>>> print(open('data.cif').read())   # mmCIF, C-alpha atoms and all ligand atoms
data_start
#
loop_
_atom_site.group_PDB
_atom_site.id
_atom_site.type_symbol
_atom_site.label_atom_id
_atom_site.label_comp_id
_atom_site.auth_asym_id
_atom_site.auth_seq_id
_atom_site.Cartn_x
_atom_site.Cartn_y
_atom_site.Cartn_z
ATOM 1 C CA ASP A 36 11.776 -0.795 34.791
ATOM 2 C CA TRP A 37 13.855 1.387 32.426
ATOM 3 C CA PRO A 38 13.511 4.350 32.180
ATOM 4 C CA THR A 39 12.962 5.391 35.860
ATOM 5 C CA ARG A 40 14.534 8.937 35.447
ATOM 6 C CA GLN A 41 15.530 11.549 32.852
ATOM 7 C CA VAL A 42 17.364 10.290 29.654
ATOM 8 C CA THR A 43 19.833 12.514 27.756
ATOM 9 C CA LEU A 44 20.196 12.619 23.927
ATOM 10 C CA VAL A 45 23.612 14.168 23.192
ATOM 11 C CA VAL A 46 23.464 16.194 19.911
ATOM 12 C CA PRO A 47 26.859 17.115 18.289
ATOM 13 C CA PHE A 48 25.720 20.479 16.766
ATOM 14 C CA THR A 49 23.869 23.656 17.857
ATOM 15 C CA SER A 50 20.126 24.252 17.135
ATOM 16 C CA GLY A 51 18.974 25.247 13.555
ATOM 17 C CA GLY A 52 20.885 22.390 11.921
ATOM 18 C CA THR A 53 19.440 19.100 10.737
ATOM 19 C CA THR A 54 20.938 17.004 13.559
ATOM 20 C CA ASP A 55 19.068 19.065 16.244
ATOM 21 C CA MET A 56 15.818 19.251 14.149
ATOM 22 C CA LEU A 57 15.601 15.443 13.948
ATOM 23 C CA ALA A 58 16.686 15.055 17.636
ATOM 24 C CA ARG A 59 13.795 17.334 18.787
ATOM 25 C CA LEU A 60 11.225 15.220 16.905
ATOM 26 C CA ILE A 61 12.560 12.042 18.371
ATOM 27 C CA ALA A 62 12.923 13.444 21.894
ATOM 28 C CA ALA A 63 9.219 14.548 22.017
ATOM 29 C CA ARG A 64 7.984 11.135 20.805
ATOM 30 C CA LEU A 65 10.141 9.154 23.231
ATOM 31 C CA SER A 66 9.083 11.385 26.167
ATOM 32 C CA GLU A 67 5.390 10.717 25.452
ATOM 33 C CA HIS A 68 5.834 6.982 24.880
ATOM 34 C CA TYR A 69 7.885 6.246 28.059
ATOM 35 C CA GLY A 70 6.590 8.904 30.500
ATOM 36 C CA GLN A 71 10.076 10.248 31.349
ATOM 37 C CA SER A 72 11.768 13.299 29.905
ATOM 38 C CA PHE A 73 14.191 12.743 27.034
ATOM 39 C CA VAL A 74 16.189 15.982 26.991
ATOM 40 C CA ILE A 75 18.662 17.287 24.444
ATOM 41 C CA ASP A 76 22.268 18.252 25.364
ATOM 42 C CA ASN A 77 23.803 20.370 22.541
ATOM 43 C CA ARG A 78 27.539 19.649 22.816
ATOM 44 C CA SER A 79 29.419 21.193 19.882
ATOM 45 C CA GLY A 80 33.098 20.954 18.913
ATOM 46 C CA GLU A 81 35.435 19.333 16.364
ATOM 47 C CA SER A 82 32.699 18.157 13.928
ATOM 48 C CA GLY A 83 31.026 16.118 16.726
ATOM 49 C CA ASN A 84 34.244 14.537 18.122
ATOM 50 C CA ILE A 85 33.763 16.217 21.567
ATOM 51 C CA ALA A 86 30.225 14.833 21.854
ATOM 52 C CA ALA A 87 31.171 11.339 20.623
ATOM 53 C CA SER A 88 34.241 11.193 22.991
ATOM 54 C CA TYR A 89 31.900 12.018 25.888
ATOM 55 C CA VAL A 90 29.231 9.370 25.116
ATOM 56 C CA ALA A 91 32.013 6.752 24.646
ATOM 57 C CA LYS A 92 32.868 7.219 28.359
ATOM 58 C CA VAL A 93 29.499 7.473 30.150
ATOM 59 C CA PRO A 94 27.927 4.568 32.020
ATOM 60 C CA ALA A 95 26.185 2.028 29.767
ATOM 61 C CA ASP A 96 22.902 2.271 31.797
ATOM 62 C CA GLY A 97 20.416 3.600 29.221
ATOM 63 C CA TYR A 98 20.342 7.200 30.463
ATOM 64 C CA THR A 99 22.672 8.620 27.759
ATOM 65 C CA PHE A 100 22.596 8.197 23.924
ATOM 66 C CA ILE A 101 24.367 9.849 20.976
ATOM 67 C CA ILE A 102 22.510 11.284 17.920
ATOM 68 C CA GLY A 103 25.101 10.168 15.412
ATOM 69 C CA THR A 104 26.116 11.680 12.081
ATOM 70 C CA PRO A 105 28.150 10.628 9.017
ATOM 71 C CA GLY A 106 31.186 12.425 10.611
ATOM 72 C CA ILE A 107 31.098 10.543 13.876
ATOM 73 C CA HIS A 108 30.471 7.109 12.255
ATOM 74 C CA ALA A 109 32.286 7.329 8.916
ATOM 75 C CA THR A 110 33.925 10.549 7.616
ATOM 76 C CA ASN A 111 35.727 12.405 10.471
ATOM 77 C CA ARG A 112 38.640 9.847 10.053
ATOM 78 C CA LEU A 113 39.241 11.480 6.603
ATOM 79 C CA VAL A 114 39.985 14.955 8.046
ATOM 80 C CA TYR A 115 41.087 14.474 11.696
ATOM 81 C CA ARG A 116 44.268 12.715 12.788
ATOM 82 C CA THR A 117 43.159 12.022 16.379
ATOM 83 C CA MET A 118 39.552 11.919 17.548
ATOM 84 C CA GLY A 119 39.407 10.949 21.195
ATOM 85 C CA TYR A 120 37.304 7.772 20.603
ATOM 86 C CA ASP A 121 37.040 4.741 18.292
ATOM 87 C CA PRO A 122 33.680 4.705 16.531
ATOM 88 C CA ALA A 123 34.009 1.036 15.594
ATOM 89 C CA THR A 124 34.368 -0.289 19.170
ATOM 90 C CA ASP A 125 33.014 2.370 21.536
ATOM 91 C CA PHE A 126 29.244 2.334 20.606
ATOM 92 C CA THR A 127 26.559 -0.215 19.922
ATOM 93 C CA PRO A 128 23.921 0.566 17.159
ATOM 94 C CA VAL A 129 20.267 1.421 17.920
ATOM 95 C CA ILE A 130 18.686 2.634 14.609
ATOM 96 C CA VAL A 131 19.091 4.817 11.514
ATOM 97 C CA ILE A 132 16.664 7.770 12.091
ATOM 98 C CA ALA A 133 16.605 9.219 8.485
ATOM 99 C CA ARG A 134 18.261 9.465 5.082
ATOM 100 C CA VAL A 135 18.494 13.055 3.842
ATOM 101 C CA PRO A 136 19.277 14.723 0.493
ATOM 102 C CA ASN A 137 21.907 17.431 0.270
ATOM 103 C CA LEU A 138 21.115 20.690 -1.666
ATOM 104 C CA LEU A 139 23.359 22.921 -3.778
ATOM 105 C CA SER A 140 22.354 26.581 -3.207
ATOM 106 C CA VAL A 141 23.819 30.014 -4.002
ATOM 107 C CA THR A 142 23.541 33.466 -2.369
ATOM 108 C CA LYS A 143 20.871 35.679 -4.093
ATOM 109 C CA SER A 144 23.372 38.199 -5.515
ATOM 110 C CA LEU A 145 25.337 35.493 -7.407
ATOM 111 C CA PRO A 146 23.794 35.810 -10.926
ATOM 112 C CA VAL A 147 23.395 32.100 -11.679
ATOM 113 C CA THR A 148 20.171 30.046 -11.944
ATOM 114 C CA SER A 149 21.379 26.491 -12.817
ATOM 115 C CA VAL A 150 24.276 24.044 -12.235
ATOM 116 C CA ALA A 151 25.575 24.728 -15.773
ATOM 117 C CA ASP A 152 25.473 28.576 -15.146
ATOM 118 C CA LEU A 153 27.508 28.003 -11.887
ATOM 119 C CA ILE A 154 30.202 25.932 -13.608
ATOM 120 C CA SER A 155 30.659 28.561 -16.310
ATOM 121 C CA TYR A 156 30.684 31.478 -13.869
ATOM 122 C CA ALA A 157 33.301 29.782 -11.627
ATOM 123 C CA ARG A 158 35.485 28.553 -14.571
ATOM 124 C CA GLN A 159 35.691 32.302 -15.562
ATOM 125 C CA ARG A 160 36.857 33.306 -12.008
ATOM 126 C CA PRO A 161 39.137 30.533 -10.729
ATOM 127 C CA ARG A 162 40.119 30.670 -7.038
ATOM 128 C CA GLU A 163 38.051 33.928 -6.417
ATOM 129 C CA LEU A 164 34.800 32.582 -4.871
ATOM 130 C CA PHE A 165 34.123 31.030 -1.436
ATOM 131 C CA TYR A 166 31.854 28.194 -0.231
ATOM 132 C CA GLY A 167 30.407 27.372 3.140
ATOM 133 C CA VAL A 168 31.268 24.126 5.036
ATOM 134 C CA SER A 169 28.816 23.283 7.883
ATOM 135 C CA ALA A 170 31.614 21.210 9.540
ATOM 136 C CA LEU A 171 35.073 19.832 8.595
ATOM 137 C CA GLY A 172 34.481 16.315 7.091
ATOM 138 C CA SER A 173 30.642 16.775 6.763
ATOM 139 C CA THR A 174 28.892 15.144 3.775
ATOM 140 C CA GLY A 175 28.417 18.778 2.488
ATOM 141 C CA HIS A 176 32.133 19.407 2.681
ATOM 142 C CA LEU A 177 33.092 16.212 0.863
ATOM 143 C CA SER A 178 30.186 16.711 -1.639
ATOM 144 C CA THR A 179 31.567 20.121 -2.718
ATOM 145 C CA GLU A 180 35.142 18.796 -2.990
ATOM 146 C CA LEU A 181 33.899 15.924 -5.225
ATOM 147 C CA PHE A 182 31.873 18.445 -7.347
ATOM 148 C CA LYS A 183 35.087 20.483 -7.696
ATOM 149 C CA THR A 184 37.058 17.454 -8.977
ATOM 150 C CA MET A 185 34.307 16.293 -11.354
ATOM 151 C CA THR A 186 33.781 19.799 -12.962
ATOM 152 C CA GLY A 187 37.269 21.461 -12.750
ATOM 153 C CA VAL A 188 36.023 24.407 -10.695
ATOM 154 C CA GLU A 189 38.289 26.144 -8.107
ATOM 155 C CA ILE A 190 36.485 27.606 -5.084
ATOM 156 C CA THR A 191 37.755 28.059 -1.448
ATOM 157 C CA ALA A 192 36.244 26.349 1.631
ATOM 158 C CA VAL A 193 35.229 28.378 4.767
ATOM 159 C CA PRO A 194 34.452 26.088 7.759
ATOM 160 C CA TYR A 195 31.851 26.953 10.403
ATOM 161 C CA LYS A 196 30.728 25.303 13.694
ATOM 162 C CA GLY A 197 27.445 23.982 12.262
ATOM 163 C CA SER A 198 24.828 24.569 9.473
ATOM 164 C CA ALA A 199 23.241 27.435 11.458
ATOM 165 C CA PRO A 200 26.132 29.985 11.454
ATOM 166 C CA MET A 201 27.182 28.857 7.867
ATOM 167 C CA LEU A 202 23.692 29.561 6.403
ATOM 168 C CA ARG A 203 23.598 33.065 7.989
ATOM 169 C CA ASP A 204 26.822 33.874 6.121
ATOM 170 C CA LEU A 205 25.477 32.327 2.857
ATOM 171 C CA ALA A 206 22.297 34.599 3.122
ATOM 172 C CA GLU A 207 24.604 37.662 3.591
ATOM 173 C CA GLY A 208 26.937 36.719 0.724
ATOM 174 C CA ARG A 209 30.032 36.188 2.933
ATOM 175 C CA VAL A 210 30.140 32.839 1.096
ATOM 176 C CA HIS A 211 28.835 32.429 -2.525
ATOM 177 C CA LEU A 212 27.358 28.860 -2.362
ATOM 178 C CA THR A 213 27.054 25.654 -0.363
ATOM 179 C CA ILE A 214 26.166 21.967 -0.537
ATOM 180 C CA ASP A 215 24.457 21.063 2.783
ATOM 181 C CA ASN A 216 21.583 19.050 4.329
ATOM 182 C CA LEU A 217 18.119 19.969 2.965
ATOM 183 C CA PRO A 218 16.207 20.442 6.280
ATOM 184 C CA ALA A 219 18.452 23.210 7.597
ATOM 185 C CA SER A 220 18.395 25.053 4.165
ATOM 186 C CA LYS A 221 14.635 24.682 3.497
ATOM 187 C CA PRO A 222 13.329 27.550 5.664
ATOM 188 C CA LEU A 223 15.767 29.912 3.930
ATOM 189 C CA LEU A 224 14.495 28.601 0.504
ATOM 190 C CA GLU A 225 10.946 29.296 1.451
ATOM 191 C CA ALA A 226 11.783 32.811 2.781
ATOM 192 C CA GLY A 227 13.572 33.521 -0.545
ATOM 193 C CA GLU A 228 16.913 34.262 1.182
ATOM 194 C CA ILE A 229 18.967 31.761 -0.897
ATOM 195 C CA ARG A 230 18.496 30.256 -4.427
ATOM 196 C CA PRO A 231 18.330 26.409 -4.733
ATOM 197 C CA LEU A 232 19.960 24.822 -7.824
ATOM 198 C CA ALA A 233 19.892 20.983 -7.491
ATOM 199 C CA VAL A 234 19.730 17.942 -5.118
ATOM 200 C CA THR A 235 22.697 15.616 -4.695
ATOM 201 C CA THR A 236 20.738 12.317 -4.825
ATOM 202 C CA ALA A 237 20.306 9.873 -7.832
ATOM 203 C CA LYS A 238 16.557 10.764 -7.992
ATOM 204 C CA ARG A 239 14.709 13.989 -7.443
ATOM 205 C CA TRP A 240 13.224 14.779 -4.016
ATOM 206 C CA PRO A 241 9.476 14.340 -4.653
ATOM 207 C CA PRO A 242 8.215 17.260 -2.493
ATOM 208 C CA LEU A 243 10.556 19.547 -4.516
ATOM 209 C CA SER A 244 10.064 17.546 -7.728
ATOM 210 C CA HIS A 245 10.981 20.333 -10.096
ATOM 211 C CA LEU A 246 14.566 20.866 -8.722
ATOM 212 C CA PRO A 247 16.830 18.659 -10.858
ATOM 213 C CA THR A 248 19.541 16.232 -9.558
ATOM 214 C CA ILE A 249 23.197 17.414 -10.003
ATOM 215 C CA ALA A 250 23.721 14.338 -12.259
ATOM 216 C CA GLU A 251 20.921 15.326 -14.697
ATOM 217 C CA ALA A 252 21.984 19.009 -14.621
ATOM 218 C CA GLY A 253 25.508 18.451 -15.985
ATOM 219 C CA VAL A 254 27.636 16.115 -13.744
ATOM 220 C CA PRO A 255 27.029 12.476 -14.898
ATOM 221 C CA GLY A 256 27.178 9.812 -12.196
ATOM 222 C CA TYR A 257 27.217 12.339 -9.258
ATOM 223 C CA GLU A 258 25.409 11.011 -6.159
ATOM 224 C CA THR A 259 25.706 11.834 -2.421
ATOM 225 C CA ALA A 260 23.425 12.040 0.668
ATOM 226 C CA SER A 261 23.444 12.396 4.494
ATOM 227 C CA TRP A 262 21.954 10.372 7.367
ATOM 228 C CA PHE A 263 21.471 10.347 11.158
ATOM 229 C CA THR A 264 21.395 7.735 13.917
ATOM 230 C CA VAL A 265 20.746 6.779 17.565
ATOM 231 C CA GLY A 266 23.858 5.067 19.097
ATOM 232 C CA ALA A 267 24.396 3.761 22.693
ATOM 233 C CA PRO A 268 27.626 3.220 24.753
ATOM 234 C CA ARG A 269 29.178 -0.253 24.392
ATOM 235 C CA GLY A 270 27.519 -2.593 26.960
ATOM 236 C CA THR A 271 24.046 -1.013 27.078
ATOM 237 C CA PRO A 272 21.562 -3.814 27.982
ATOM 238 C CA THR A 273 20.030 -5.694 24.980
ATOM 239 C CA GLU A 274 16.510 -5.220 26.423
ATOM 240 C CA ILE A 275 16.995 -1.416 26.362
ATOM 241 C CA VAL A 276 18.387 -1.256 22.771
ATOM 242 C CA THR A 277 15.559 -3.541 21.478
ATOM 243 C CA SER A 278 12.796 -1.459 23.243
ATOM 244 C CA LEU A 279 14.236 1.824 21.926
ATOM 245 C CA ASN A 280 14.642 0.495 18.379
ATOM 246 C CA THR A 281 11.026 -0.860 18.382
ATOM 247 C CA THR A 282 9.652 2.554 19.645
ATOM 248 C CA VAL A 283 11.547 4.643 17.113
ATOM 249 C CA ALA A 284 10.812 2.177 14.260
ATOM 250 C CA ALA A 285 7.018 2.438 15.048
ATOM 251 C CA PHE A 286 7.170 6.255 14.789
ATOM 252 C CA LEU A 287 9.194 6.199 11.502
ATOM 253 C CA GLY A 288 6.978 3.563 9.825
ATOM 254 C CA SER A 289 3.704 5.263 10.837
ATOM 255 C CA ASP A 290 1.750 7.372 8.303
ATOM 256 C CA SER A 291 1.901 10.424 10.501
ATOM 257 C CA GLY A 292 5.647 10.037 11.260
ATOM 258 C CA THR A 293 6.514 9.604 7.575
ATOM 259 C CA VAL A 294 4.580 12.794 6.754
ATOM 260 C CA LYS A 295 6.327 14.762 9.513
ATOM 261 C CA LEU A 296 9.778 13.748 8.319
ATOM 262 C CA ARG A 297 9.094 14.375 4.637
ATOM 263 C CA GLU A 298 7.644 17.844 5.362
ATOM 264 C CA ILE A 299 11.019 18.896 6.883
ATOM 265 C CA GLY A 300 13.110 17.430 3.957
ATOM 266 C CA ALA A 301 13.985 13.968 5.381
ATOM 267 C CA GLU A 302 13.148 10.338 4.468
ATOM 268 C CA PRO A 303 12.392 7.984 7.332
ATOM 269 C CA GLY A 304 15.075 5.365 8.094
ATOM 270 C CA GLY A 305 14.110 2.404 10.302
ATOM 271 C CA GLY A 306 15.314 -1.222 10.322
ATOM 272 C CA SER A 307 17.352 -3.205 12.839
ATOM 273 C CA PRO A 308 20.523 -2.386 14.842
ATOM 274 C CA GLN A 309 22.569 -4.543 12.359
ATOM 275 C CA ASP A 310 21.044 -2.665 9.397
ATOM 276 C CA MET A 311 22.638 0.524 10.923
ATOM 277 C CA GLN A 312 25.991 -1.351 11.235
ATOM 278 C CA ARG A 313 25.805 -2.351 7.472
ATOM 279 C CA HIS A 314 24.988 1.214 6.384
ATOM 280 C CA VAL A 315 27.956 2.581 8.481
ATOM 281 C CA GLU A 316 30.436 0.029 7.024
ATOM 282 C CA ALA A 317 29.368 0.714 3.402
ATOM 283 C CA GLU A 318 29.616 4.471 3.912
ATOM 284 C CA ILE A 319 33.161 4.200 5.416
ATOM 285 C CA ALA A 320 34.290 2.395 2.306
ATOM 286 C CA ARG A 321 32.451 4.657 -0.153
ATOM 287 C CA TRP A 322 33.589 8.081 1.329
ATOM 288 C CA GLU A 323 37.254 6.932 1.726
ATOM 289 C CA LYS A 324 37.351 6.571 -2.097
ATOM 290 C CA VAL A 325 35.658 9.971 -2.671
ATOM 291 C CA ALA A 326 38.230 11.634 -0.351
ATOM 292 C CA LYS A 327 41.157 10.152 -2.183
ATOM 293 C CA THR A 328 39.692 11.139 -5.630
ATOM 294 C CA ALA A 329 38.965 14.701 -4.336
ATOM 295 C CA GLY A 330 42.443 15.134 -2.690
ATOM 296 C CA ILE A 331 41.243 15.385 0.927
ATOM 297 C CA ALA A 332 43.132 13.812 3.874
ATOM 298 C CA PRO A 333 44.098 14.688 7.517
ATOM 299 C CA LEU A 334 46.988 17.214 7.927
HETATM 300 O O1 LIG B 1 25.892 15.867 6.603
HETATM 301 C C1 LIG B 1 26.599 15.836 7.679
HETATM 302 O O2 LIG B 1 27.805 15.373 7.702
HETATM 303 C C2 LIG B 1 25.933 16.351 8.971
HETATM 304 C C3 LIG B 1 26.115 17.844 9.194
HETATM 305 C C4 LIG B 1 25.255 18.332 10.366
HETATM 306 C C5 LIG B 1 25.267 19.814 10.607
HETATM 307 O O3 LIG B 1 26.127 20.532 10.062
HETATM 308 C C6 LIG B 1 24.333 20.384 11.633
HETATM 309 O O4 LIG B 1 23.512 19.629 12.248
HETATM 310 O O5 LIG B 1 24.475 21.586 11.929
#
>>> encode(input="data.cif", output="structure tokens")
Amino acid sequence: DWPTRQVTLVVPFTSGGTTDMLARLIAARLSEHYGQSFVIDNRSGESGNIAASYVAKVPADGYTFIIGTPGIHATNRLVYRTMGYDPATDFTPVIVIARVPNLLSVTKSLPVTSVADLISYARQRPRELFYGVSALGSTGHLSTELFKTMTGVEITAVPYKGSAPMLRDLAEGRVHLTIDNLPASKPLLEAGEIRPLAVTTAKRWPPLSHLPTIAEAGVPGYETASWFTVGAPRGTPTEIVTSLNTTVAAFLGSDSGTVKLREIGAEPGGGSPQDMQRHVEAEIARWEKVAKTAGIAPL
């Protein structure tokens, strides 16, 4: 009979970031399919640790899910000593929603138009400039620290509570540049409020096919990306996980769903619950190496 009443999707960041943008798309589609409201609960704090600690404790009845992030599943262990939950044991996978490029951008008043211009400008002014971090341990955060190690540039991190307040400060010039998820940055690109330099992925993003990759623009072998999930509390009934996976997978694999995701700067995910588990395990192992190379660890 599930669902017989309202379902909550817990989202670990405020609105105007990529996590909430994908959650709203999913919530609308699930609501229509099942005839019950799927509502969003924006529960910010500690790079998603407060949200994840909460969902780890709720009843495993199918009326609460987590919209997971690389932090919650893989990277927060690199910057936080204690987290309030154990991502390996406390959840059961549902599906990977999307794989998403990150984007290097600068504030308009910084007089640089390419990755090579940025590296020169910063090498001339070591330890003077500032960059925006959407959250401690985010793929943006670790992407910039890897870029720093691979190019020799010295620039100072300023953490924020999500992409939304960070990007407001980048538009004002209170930070000079960022690497962060494409969907959140794209409306600012299109309003001309920030200047895009390059994508972080191994291949160009086709709908912005004339922005180069960081690797082709001067940093050989550089590759990073972000991603987003639906997770359930340990013990959620198999029938419920399977139904929810099937419904989301149908949306993501549809022509119309693929178009909707790509228009906002995201590639559809899809696959099985165990495919999500494989992606999480690979990412744990790959980011732990990046963190060591870049000199990042928990205080
Ligand atoms: O790439 C990541 O680690 C996810 C960062 C998500 C975010 O900052 C937001 O939704 O506001």
>>> residues_around(input="data.cif", residues="stretch 52-65 of chain A", least_positions_apart="4", cutoff="6 Å", atoms="all atoms listed in the file", output="PyMOL selection string")
chain A and resi 73+198-199+218-219
>>> resolve_selection(input="data.cif", expression="the PyMOL selection byres (((chain A and resi 279) around 12) and not hetatm)", output="MDAnalysis selection string")
chainID A and resid 37:38 42 61:62 64:66 68:69 97:98 100 128:132 265:267 271:278 280:286 305 307:308
>>> resolve_selection(input="data.cif", expression="the PyMOL selection byres (((not hetatm)) within 10 of (chain B and resi 1))", output="NGL selection string")
:A and (46-58 or 79 or 82-83 or 103-111 or 135-137 or 168-178 or 195-202 or 214-219 or 259-263)
>>> write_last_selection(input="data.cif", atoms="C-alpha atoms", output="PDB file, in the coordinates of the input")
ATOM      1  CA  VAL A  46      23.464  16.194  19.911  1.00  0.00           C
ATOM      2  CA  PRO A  47      26.859  17.115  18.289  1.00  0.00           C
ATOM      3  CA  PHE A  48      25.720  20.479  16.766  1.00  0.00           C
ATOM      4  CA  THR A  49      23.869  23.656  17.857  1.00  0.00           C
ATOM      5  CA  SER A  50      20.126  24.252  17.135  1.00  0.00           C
ATOM      6  CA  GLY A  51      18.974  25.247  13.555  1.00  0.00           C
ATOM      7  CA  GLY A  52      20.885  22.390  11.921  1.00  0.00           C
ATOM      8  CA  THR A  53      19.440  19.100  10.737  1.00  0.00           C
ATOM      9  CA  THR A  54      20.938  17.004  13.559  1.00  0.00           C
ATOM     10  CA  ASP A  55      19.068  19.065  16.244  1.00  0.00           C
ATOM     11  CA  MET A  56      15.818  19.251  14.149  1.00  0.00           C
ATOM     12  CA  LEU A  57      15.601  15.443  13.948  1.00  0.00           C
ATOM     13  CA  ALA A  58      16.686  15.055  17.636  1.00  0.00           C
ATOM     14  CA  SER A  79      29.419  21.193  19.882  1.00  0.00           C
ATOM     15  CA  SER A  82      32.699  18.157  13.928  1.00  0.00           C
ATOM     16  CA  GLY A  83      31.026  16.118  16.726  1.00  0.00           C
ATOM     17  CA  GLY A 103      25.101  10.168  15.412  1.00  0.00           C
ATOM     18  CA  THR A 104      26.116  11.680  12.081  1.00  0.00           C
ATOM     19  CA  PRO A 105      28.150  10.628   9.017  1.00  0.00           C
ATOM     20  CA  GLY A 106      31.186  12.425  10.611  1.00  0.00           C
ATOM     21  CA  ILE A 107      31.098  10.543  13.876  1.00  0.00           C
ATOM     22  CA  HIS A 108      30.471   7.109  12.255  1.00  0.00           C
ATOM     23  CA  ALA A 109      32.286   7.329   8.916  1.00  0.00           C
ATOM     24  CA  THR A 110      33.925  10.549   7.616  1.00  0.00           C
ATOM     25  CA  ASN A 111      35.727  12.405  10.471  1.00  0.00           C
ATOM     26  CA  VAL A 135      18.494  13.055   3.842  1.00  0.00           C
ATOM     27  CA  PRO A 136      19.277  14.723   0.493  1.00  0.00           C
ATOM     28  CA  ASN A 137      21.907  17.431   0.270  1.00  0.00           C
ATOM     29  CA  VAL A 168      31.268  24.126   5.036  1.00  0.00           C
ATOM     30  CA  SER A 169      28.816  23.283   7.883  1.00  0.00           C
ATOM     31  CA  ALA A 170      31.614  21.210   9.540  1.00  0.00           C
ATOM     32  CA  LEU A 171      35.073  19.832   8.595  1.00  0.00           C
ATOM     33  CA  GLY A 172      34.481  16.315   7.091  1.00  0.00           C
ATOM     34  CA  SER A 173      30.642  16.775   6.763  1.00  0.00           C
ATOM     35  CA  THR A 174      28.892  15.144   3.775  1.00  0.00           C
ATOM     36  CA  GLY A 175      28.417  18.778   2.488  1.00  0.00           C
ATOM     37  CA  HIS A 176      32.133  19.407   2.681  1.00  0.00           C
ATOM     38  CA  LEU A 177      33.092  16.212   0.863  1.00  0.00           C
ATOM     39  CA  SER A 178      30.186  16.711  -1.639  1.00  0.00           C
ATOM     40  CA  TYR A 195      31.851  26.953  10.403  1.00  0.00           C
ATOM     41  CA  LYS A 196      30.728  25.303  13.694  1.00  0.00           C
ATOM     42  CA  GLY A 197      27.445  23.982  12.262  1.00  0.00           C
ATOM     43  CA  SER A 198      24.828  24.569   9.473  1.00  0.00           C
ATOM     44  CA  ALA A 199      23.241  27.435  11.458  1.00  0.00           C
ATOM     45  CA  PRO A 200      26.132  29.985  11.454  1.00  0.00           C
ATOM     46  CA  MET A 201      27.182  28.857   7.867  1.00  0.00           C
ATOM     47  CA  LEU A 202      23.692  29.561   6.403  1.00  0.00           C
ATOM     48  CA  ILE A 214      26.166  21.967  -0.537  1.00  0.00           C
ATOM     49  CA  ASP A 215      24.457  21.063   2.783  1.00  0.00           C
ATOM     50  CA  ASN A 216      21.583  19.050   4.329  1.00  0.00           C
ATOM     51  CA  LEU A 217      18.119  19.969   2.965  1.00  0.00           C
ATOM     52  CA  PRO A 218      16.207  20.442   6.280  1.00  0.00           C
ATOM     53  CA  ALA A 219      18.452  23.210   7.597  1.00  0.00           C
ATOM     54  CA  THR A 259      25.706  11.834  -2.421  1.00  0.00           C
ATOM     55  CA  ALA A 260      23.425  12.040   0.668  1.00  0.00           C
ATOM     56  CA  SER A 261      23.444  12.396   4.494  1.00  0.00           C
ATOM     57  CA  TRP A 262      21.954  10.372   7.367  1.00  0.00           C
ATOM     58  CA  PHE A 263      21.471  10.347  11.158  1.00  0.00           C
TER      59      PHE A 263
END
>>> residues_around(input="data.cif", residues="residue A:188", least_positions_apart="6", cutoff="12 Å", atoms="all atoms listed in the file", output="compact mmCIF listing (two decimals) with C-alpha atoms, in the frame of the given file")
# COMPACT_ATOMS: atom_id res chain seq x y z
CA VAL A 150 24.28 24.04 -12.24
CA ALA A 151 25.58 24.73 -15.77
CA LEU A 153 27.51 28.00 -11.89
CA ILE A 154 30.20 25.93 -13.61
CA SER A 155 30.66 28.56 -16.31
CA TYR A 156 30.68 31.48 -13.87
CA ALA A 157 33.30 29.78 -11.63
CA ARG A 158 35.48 28.55 -14.57
CA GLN A 159 35.69 32.30 -15.56
CA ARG A 160 36.86 33.31 -12.01
CA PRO A 161 39.14 30.53 -10.73
CA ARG A 162 40.12 30.67 -7.04
CA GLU A 163 38.05 33.93 -6.42
CA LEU A 164 34.80 32.58 -4.87
CA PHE A 165 34.12 31.03 -1.44
CA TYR A 166 31.85 28.19 -0.23
CA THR A 179 31.57 20.12 -2.72
CA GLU A 180 35.14 18.80 -2.99
CA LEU A 181 33.90 15.92 -5.22
CA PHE A 182 31.87 18.44 -7.35
CA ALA A 329 38.97 14.70 -4.34
>>> resolve_selection(input="data.cif", expression="the PyMOL selection byres (((chain A and resi 233) around 6) and not hetatm)", output="VMD selection string")
chain A and resid 138 to 139 232 234 246 to 249
>>> residues_near_point(input="data.cif", point="(18.1, 30.1, 2.3)", cutoff="10 Å", atoms="all atoms listed in the file", output="NGL selection string")
:A and (140-143 or 202-203 or 205-206 or 219-231)
>>> closest_residue(input="data.cif", among="A:45, A:185, A:145, A:113", to="residue A:322", atoms="all atoms listed in the file")
A:113
>>> atom_distance(input="data.cif", atom1="atom CA of residue A:210", atom2="atom CA of residue A:167")
5.8 Å
>>> atom_distance(input="data.cif", atom1="atom CA of residue A:44", atom2="atom CA of residue A:77")
8.7 Å
>>> atom_distance(input="data.cif", atom1="atom CA of residue A:292", atom2="atom CA of residue A:317")
26.7 Å
